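Reading through the structure tokens given below for one structure.
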Amino acid sequence: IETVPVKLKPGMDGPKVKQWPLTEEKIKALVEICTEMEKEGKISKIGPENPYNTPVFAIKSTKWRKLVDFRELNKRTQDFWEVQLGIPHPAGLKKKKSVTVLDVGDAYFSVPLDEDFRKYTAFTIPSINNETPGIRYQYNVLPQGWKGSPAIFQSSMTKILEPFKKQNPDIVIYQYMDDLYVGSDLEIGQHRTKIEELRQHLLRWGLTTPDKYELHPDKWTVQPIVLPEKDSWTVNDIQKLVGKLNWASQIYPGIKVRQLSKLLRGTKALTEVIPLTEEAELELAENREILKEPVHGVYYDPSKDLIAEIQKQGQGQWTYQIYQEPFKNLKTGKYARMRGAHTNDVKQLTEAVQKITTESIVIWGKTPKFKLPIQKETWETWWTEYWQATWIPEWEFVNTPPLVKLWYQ
Amino acid sequence: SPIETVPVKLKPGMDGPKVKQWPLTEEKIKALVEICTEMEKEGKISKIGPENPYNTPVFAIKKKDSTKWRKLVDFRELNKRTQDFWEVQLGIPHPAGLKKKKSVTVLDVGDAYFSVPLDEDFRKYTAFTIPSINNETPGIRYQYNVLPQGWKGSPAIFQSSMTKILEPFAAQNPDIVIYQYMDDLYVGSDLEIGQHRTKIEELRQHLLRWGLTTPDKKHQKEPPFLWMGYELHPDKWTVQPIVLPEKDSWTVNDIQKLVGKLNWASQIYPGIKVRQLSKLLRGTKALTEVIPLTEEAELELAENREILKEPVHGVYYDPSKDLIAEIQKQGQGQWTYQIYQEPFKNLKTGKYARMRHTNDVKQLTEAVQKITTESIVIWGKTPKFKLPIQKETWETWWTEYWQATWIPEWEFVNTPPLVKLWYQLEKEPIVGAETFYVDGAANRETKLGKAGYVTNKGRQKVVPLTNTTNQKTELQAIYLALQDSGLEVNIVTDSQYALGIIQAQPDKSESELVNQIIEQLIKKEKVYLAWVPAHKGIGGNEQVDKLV
Ligand SMILES: N#Cc1ccc2c(Oc3ccc(F)cc3OCCn3ccc(=O)[nH]c3=O)cc(F)cc2c1
Ligand SMILES: [Mg+2]
């Protein structure tokens, strides 16, 4: 079929991003993969008259998978291709009991790409020690990772999905990039059999899915702030308590700490046990009660990007908050991971970022920009090691450490 | 040339350059004709009709005061209008990453750009005109058939042309390694000298078949090779001789050049320091301003002169052997490292320095990051690390550190100085320890301040301070509490600045006050620092605020 014409935003040139140095292993894997893809027509070699560039990486299984970082090209295309060929996002996907993610990227490789647009998909397999200038390719078909691909394949996807949709009107199906999110209220067994039914349906219609991941968004909510519960209280405990409540006053108006402040009126030792008075305990009760309820007047803005902050709690635990404006949390949570002689900090952080990004997709239909607690170069070095996703969120690296660490715990 | 041309566009919405041709002297026009007739004779240029509406300035310049002149064309106005190309090679291969070959040959091609044809439809945009004397006769029109010198596209196009030309020979000779770089090729092989020279002559003949000349005689360059500030020797690599000038006066320019040479030399000469000399360069003022050399800078420079006395060399890479990198601390926040496969031979060396309160372990980790990046770039792998730090030390650090860190495979090497945790704050308040409620305050205008404390034992103190800030008083309060307390002390501050600086647990800073605080913290047995909201009348904190 003839290709769908693809235009850029007026005034915007193509992407020109540097290629990250790679291990010899990864470079060889990419050379192999691209040799096969060139052999199948999916990509071709290009000349020096093509100035554009898009980074490439190698991730994983026991088989190497190639991952293109199309973020820049996305900002330079999809921003007008979320308008023109945009995909609507269902608000009922987050309400379902079970959501399974299917990989439907392999579809895009069947469909050709607009001839005048291919030059923007340019990527470079690097060489070690700048020995050779690098192997240069561009895509001839719809590339995985580009947001224009599922937008162009949208109608085909609708057409293939319509029969299954008709046979299953209570199942929600939402396509984000190369992934198909399928949610239902069915029992886990019935759910998995249904997902398999969709797998066989898609397969007998010419769509392979290399799954031969389960979420539960009905349990997902903005977690309530927890005040310490103690039998006896020392001066230090009451100080941390008053401090934390005072911090919480930035979110919940109505928080008072006077009755708790009068309890430490004299200059006492930090280990001195202080009994709670009437006004004090009543104040703590009222504060706990007002803290148990969710925040008032907090709504999602479709015109604003999502911001995800993460902080490390130690002992294999991380806590995160998703917001758009300060102290207006759209979605907080706490990602914990079992060590099992496996995990380190970067592994946990990466898996956390992926979990958060997936939740964000399921809820709002788009991904947040992360403020990551990690050195920039360290992350840029090792983030591809535990990356199992096909998309890549925006991120930046936080400078100053949080003193608010124990306030999210 | 039978070489296939590369299609070139002008930038969208732009047309060819129409620029004035300003008159020249008679001799210049004569020489221009003398050269252009010979260029036309070789088909590199061609006369054109009056139809061509574009033009480009032409100048004539003597070559090093010699017989033959040189034609110079300013394409800067055309370069603005031509499309962007693939970006040419940014960096160059580092000798430490090269591998020993029994034979290495340098082949430089002449007229490299003029030996490669230019896209036909684009040739009309490179049109230029030779002026006539007194404008009594029409000017001589010309245009390029090949890659013009100083044109935006010539380097990348020549690069790809060369690569495509080399592809067949490369295919028929998989056991020889060709490196491409600008006008040069560098051919290495493990073939015996006779076979190698045969293959070299074979390559020369190929390139000549594609219209590319290359040295006919015994190749003009022999080892050692002076290449990009390097000395490349058959079994070792080093840098070209560094010259540290002797001057009574030093400007910003001279210091910049000096720091340049020292940095450049630091890749193979172990121990080079540049912190004190570049600390003079903190002043972003004029490049001609004379900067007085401090005593520390003088000592540093002298030590560098001592290091650079006897020459040192680096070896080449062996894929079959392990890759080891070892790190040592130099004291002033400076770090140095050696990357090697063998005990007495370095592949290369280097340094790391933290610019812009910090601690030794964090710096060490940063260095490990730098070396990891460099290793990946040069050899395509990550090295095994040898580090002066205990496992319990580093584990203790990375466990309670707020950022996520990647700690690689490493073994402990007991070589002083060692990296350790000099002090460690208590996680819980100390029973049987005095509690200093501290506070400090200053005036933004007068810069008059005061810092003090109030303790649960009834002890109180207020010390006056001149020429200070709110922050520095907030630190001074804590310092005071540390000074007047026992080996175990509970400090309570309302300042999240001070709390932030201290909880980071630094062992060094560019602030003397913080250094004194660190000294006190090391001298103490147990120190618990707690924080409370200011002006909330919690009590204990209120009296100290009232005092100061
Ligand atoms: N001018 C110039 C020039 C000459 C040789 C170079 C070189 O050379 C090499 C070229 C191909 C190759 F396979 C391996 C090389 O170097 C391995 C190390 N080495 C080096 C020099 C020598 O005499 N012997 C030797 O063993 C690699 C390189 F990046 C740049 C070079 C630039
Ligand atoms: Mg105060």
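The chains in the structure tokens are called A, B, ... from first to last as shown; in each chain the residues are counted from 1, and the ligands are counted from 1 in the order shown.
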
- request: Output as an MDAnalysis selection string the set of chain B residues within 6 Å of chain A, with distances taken over only C-alpha atoms.
  value: chainID B and resid 84:86 92:93 156 376:378 380:381 403:404 431 435 456 532:533 538:540

query: Taking only C-alpha atoms and all ligand atoms into account, which residues are within 9 Å of ligand 1, as a ChimeraX atom specification?
result: /A:129-131 /B:92-107,176-181,184-190,221-228,230-237,315-317

At a cut-off of 10 Å around ligand 2, and using only C-alpha atoms and all ligand atoms, what residues come up? Please write them as a PDB file with N, CA and C atoms, in the first residue's frame.
ATOM      1  N   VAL B 438      21.025  24.979  69.587  1.00  0.00           N
ATOM      2  CA  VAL B 438      21.846  26.037  69.013  1.00  0.00           C
ATOM      3  C   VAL B 438      21.070  26.912  68.044  1.00  0.00           C
ATOM      4  N   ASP B 439      21.548  28.139  67.856  1.00  0.00           N
ATOM      5  CA  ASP B 439      20.984  29.020  66.838  1.00  0.00           C
ATOM      6  C   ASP B 439      21.942  30.153  66.503  1.00  0.00           C
ATOM      7  N   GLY B 440      21.793  30.708  65.307  1.00  0.00           N
ATOM      8  CA  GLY B 440      22.614  31.820  64.868  1.00  0.00           C
ATOM      9  C   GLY B 440      21.806  32.755  63.993  1.00  0.00           C
ATOM     10  N   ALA B 441      22.189  34.028  63.969  1.00  0.00           N
ATOM     11  CA  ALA B 441      21.472  35.016  63.167  1.00  0.00           C
ATOM     12  C   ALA B 441      22.373  36.188  62.806  1.00  0.00           C
ATOM     13  N   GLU B 474      24.721  30.167  61.315  1.00  0.00           N
ATOM     14  CA  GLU B 474      24.017  28.909  61.555  1.00  0.00           C
ATOM     15  C   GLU B 474      24.985  27.735  61.670  1.00  0.00           C
ATOM     16  N   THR B 493      19.350  22.033  65.850  1.00  0.00           N
ATOM     17  CA  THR B 493      19.327  23.264  65.060  1.00  0.00           C
ATOM     18  C   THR B 493      18.003  23.443  64.313  1.00  0.00           C
ATOM     19  N   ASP B 494      17.688  24.690  63.974  1.00  0.00           N
ATOM     20  CA  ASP B 494      16.491  25.015  63.202  1.00  0.00           C
ATOM     21  C   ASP B 494      16.848  25.262  61.743  1.00  0.00           C
ATOM     22  N   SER B 495      18.143  25.215  61.450  1.00  0.00           N
ATOM     23  CA  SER B 495      18.645  25.531  60.119  1.00  0.00           C
ATOM     24  C   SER B 495      18.803  24.275  59.267  1.00  0.00           C
ATOM     25  N   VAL B 532      14.488  20.887  63.992  1.00  0.00           N
ATOM     26  CA  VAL B 532      13.130  21.300  64.331  1.00  0.00           C
ATOM     27  C   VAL B 532      12.736  22.528  63.516  1.00  0.00           C
ATOM     28  N   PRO B 533      11.431  22.679  63.236  1.00  0.00           N
ATOM     29  CA  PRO B 533      10.914  23.874  62.559  1.00  0.00           C
ATOM     30  C   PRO B 533      11.204  25.153  63.337  1.00  0.00           C
ATOM     31  N   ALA B 534      11.737  26.161  62.657  1.00  0.00           N
ATOM     32  CA  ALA B 534      12.001  27.449  63.286  1.00  0.00           C
ATOM     33  C   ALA B 534      10.705  28.215  63.534  1.00  0.00           C
ATOM     34  N   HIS B 535      10.715  29.050  64.572  1.00  0.00           N
ATOM     35  CA  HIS B 535       9.611  29.960  64.880  1.00  0.00           C
ATOM     36  C   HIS B 535       8.275  29.248  65.097  1.00  0.00           C
ATOM     37  N   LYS B 536       8.331  27.997  65.541  1.00  0.00           N
ATOM     38  CA  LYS B 536       7.117  27.244  65.838  1.00  0.00           C
ATOM     39  C   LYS B 536       6.903  27.116  67.343  1.00  0.00           C
ATOM     40  N   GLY B 537       7.794  27.736  68.114  1.00  0.00           N
ATOM     41  CA  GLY B 537       7.677  27.775  69.562  1.00  0.00           C
ATOM     42  C   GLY B 537       7.620  26.410  70.220  1.00  0.00           C
ATOM     43  N   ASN B 541      14.132  25.473  71.580  1.00  0.00           N
ATOM     44  CA  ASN B 541      14.618  26.252  70.446  1.00  0.00           C
ATOM     45  C   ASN B 541      14.255  27.728  70.570  1.00  0.00           C
ATOM     46  N   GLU B 542      13.155  28.006  71.265  1.00  0.00           N
ATOM     47  CA  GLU B 542      12.642  29.367  71.391  1.00  0.00           C
ATOM     48  C   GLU B 542      13.579  30.274  72.191  1.00  0.00           C
ATOM     49  N   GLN B 543      14.149  29.735  73.265  1.00  0.00           N
ATOM     50  CA  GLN B 543      15.039  30.505  74.130  1.00  0.00           C
ATOM     51  C   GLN B 543      16.322  30.901  73.405  1.00  0.00           C
ATOM     52  N   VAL B 544      16.803  30.020  72.534  1.00  0.00           N
ATOM     53  CA  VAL B 544      18.027  30.275  71.781  1.00  0.00           C
ATOM     54  C   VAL B 544      17.796  31.322  70.700  1.00  0.00           C
ATOM     55  N   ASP B 545      16.612  31.286  70.094  1.00  0.00           N
ATOM     56  CA  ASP B 545      16.223  32.287  69.110  1.00  0.00           C
ATOM     57  C   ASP B 545      16.069  33.644  69.782  1.00  0.00           C
ATOM     58  N   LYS B 546      15.490  33.636  70.979  1.00  0.00           N
ATOM     59  CA  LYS B 546      15.321  34.855  71.758  1.00  0.00           C
ATOM     60  C   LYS B 546      16.673  35.455  72.132  1.00  0.00           C
ATOM     61  N   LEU B 547      17.602  34.598  72.551  1.00  0.00           N
ATOM     62  CA  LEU B 547      18.957  35.029  72.897  1.00  0.00           C
ATOM     63  C   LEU B 547      19.648  35.768  71.755  1.00  0.00           C
ATOM     64  N   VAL B 548      19.883  35.059  70.654  1.00  0.00           N
ATOM     65  CA  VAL B 548      20.582  35.630  69.508  1.00  0.00           C
ATOM     66  C   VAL B 548      19.628  36.409  68.608  1.00  0.00           C
TER      67      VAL B 548
END

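For the choices A:116, A:170, A:286, A:82, the atom-to-atom distance to residue 149 of chain A is smallest for A:82 when using only C-alpha atoms.
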
field: Atomic distance atom CA of residue 224 of chain A - atom CA of residue 353 of chain A, expressed in Å with one decimal
entry: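 It comes out at 21.3 Å.
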